[PDB]
Every structure is written in structure tokens, then in C-alpha cells.
């Protein structure tokens, strides 16, 4: 038996994707909502990393499929595109792309399947949290990297030192995505109490890479001096 049931608000994967009802069993083989919801919740961290714009579409088509008796599967090429961008993020959390989503289970081509007609943080080594630095070294970091920001983590409102093309909202989100991906690094940084850092990095093509992190301590002089002189500094 197959039934059409409303997507409950507690299913964060799919509670705001445009349609409101789903098929049981779903394409994952879950038979009831007590199974669907916690299994879907395993993906909540991943979906917040922004690793692929179609990640949520892809997963909802499997977890909350539309109410036909025919299964409309994602096309293999959609699985491959989402896997290739998001499996590196899973690996950064100690997880792997599940065998239940190996892309060979989905049809090749584009008939009867779901297909497609900003800079991304990557999993990287943790930057040293620098503490005994001179303002000269900070300024050289500002010259080299194409952005630098002052942020407070606990992650409050961000002050640009070297802004470039960056928009404030986008930069905030890029930082939070970097912290969510790089869980091991976040844990060293967000050692409560709330802490202030200067973060210098590079938005290459088209990835974000954090290269330098400077701890802004209570009675700092060197980051103060560096941020004051940056405006008039010559590289």
C-alpha cells in the first residue's frame, strides 16, 4: 500500500520546498514518518554547508517524493553532481556518501528523471591560531590574501579589513559555512568564552581558503596597530 501524507514541519529537510505532501514508502524505502523524519535529520548539518545548490532538491526527491504511484527518480547526473560537491564535506565530518545513494542506482540520461535544464569553503587543514605576532606580519598577511575580516565567535557581525568584492551578508554566510564544514577547526576556535579573531583568506576560483587566523586578545596592541595602518599601508 502507498499513501500520500503531509510533510510535517518537524521534517526540516523538506518542510519549505514548495509542495506540502509526500509519498510513502519513499524512494529510500522508509515506510512511515517515524522513520522518515530522523533519517532525514541526519542530513541537516550537511544541507547547511551550502555544498551544492541542488542538494536539498536531490534529497527531498528521495525522502519526500511527490504523490504519484510512479517513482520519479533523480537522474544519475544529478546524483553525481551533488555527490562530487558534498561527499568532500561529509568526509570532513568523518562521514561518507552512503551506499544507499551510490549514483549507479539512478538512471542514466534525462528521460523520466529529475535533472537540471557562492564561493565554496573546502575541507582544509586548520590554520594556526596565531597569538604572538607583530603588526608587520599581520600587514603582510593583509597584502597577500584577498580578504580579511574581524569576526567574533561564540558568530556576531563582521567588520571588513580588506573587503574586495565581498558583500557583508555573503561573507557572514561563507564564514559560518567554513566553520560548519571544518568542524575540527571550529572546535579549537570557539573555545568558549566568546573570542575575537582576524581571519585572512583567499577566494580563488571559486573556492574560499582561510590562510591566516589571528587571535584578538583583550589587551591587544598588534592587531589594533595593523588595522589602523592598513588603510595607508603600501604592499
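Numbering follows the first chain given and starts at 1.
Requested in this report: Count, per the entry, the deposited residues between residue 117 and residue 118 that are not modelled, and return the matching class: none, 1 to 3, 4 to 9, or 10 or more.
Outcome: Gap between residue 117 and residue 118: 10 or more unmodelled residues.
Requested in this report: Answer with none, 1 to 3, 4 to 9, or 10 or more: how many deposited residues between residue 154 and residue 155 are not present in the coordinates.
Outcome: Missing residues, residue 154 to residue 155: 10 or more.
Requested in this report: Could you settle it for me: does 38-46 or 164-172 have the higher average Cα B factor in the PDB entry?
Outcome: The stretch with the larger mean CA B-factor is 164-172.
**Report entry** Between 135-143 and 119-127 (mean CA B-factor, as deposited), the higher
**Finding:** Comparing averages over the C-alpha atoms only gives 119-127.
Requested in this report: Would you mind checking which of 179, 59, 198, 68 has the top Cα temperature factor in the PDB entry?
Outcome: Reading the PDB entry, the winner on C-alpha B-factor is 68.
Query raised in the report: For residue 98, does the deposited CA B-factor place it in the lowest, middle or highest third of the chain?
Result: Lowest third.
Requested in this report: Taking the chain's C-alpha temperature factors as the reference, tell me which third residue 109 falls into: lowest, middle or highest.
Outcome: Highest third - that is where residue 109 ends up once the chain's C-alpha B-factors are sorted.
Report task. Would you please rank residue 212 by its C-alpha temperature factor against the other modelled residues of its chain and give the third it falls in: lowest, middle or highest? Result -> For residue 212, whose C-alpha B-factor we compare with every modelled residue in the chain, the answer is the lowest third.
Query raised in the report: Lowest, middle or highest third: where is residue 64 by C-alpha B factor in its chain?
Result: Answer is lowest: the recorded C-alpha B-factor places it there.
Report task. Pull the Cα B-factor of residue 185 out of the PDB entry and bin it into the chain's lowest, middle or highest third. Result -> It belongs to the middle third of the chain when residues are ordered by C-alpha B-factor.
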